[PDB]
């Protein structure tokens, strides 16, 4: 059938190096664009990550349903609030930057 399990494991790795790539690249080159991908990478990576924490510890079809749902909400909400902050406020690069000289 589908080789789904191996793709997801590969997806995971990819964004992890993409995300490894952006922490340097957003010190060197802050901007709207970096801010959005740093959001897209941060949130995707962490969502899959907790994914694994969830599939490890959360036993039963009962709870593993809710947890994977509630998670996905939190993920989406989080990606949207980061995007909001990038649009209508400072944006993560400059926000971190400001936070630091303080």
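Residue numbers count along the first chain shown, from 1.
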47 to 55 versus 25 to 33 - greater average Cα B-factor per the deposited record: 25 to 33
For 37 to 45 versus 56 to 64, entry-based mean Cα B-factors point to 56 to 64
Entry-reported C-alpha B-factor of residue 9 relative to its chain, by third, is lowest
Lowest, middle or highest third: where is residue 17 by C-alpha B factor in its chain? lowest
Quick check for you: using the entry's CA B-factors within this chain, is residue 82 in the lowest, middle or highest third? middle
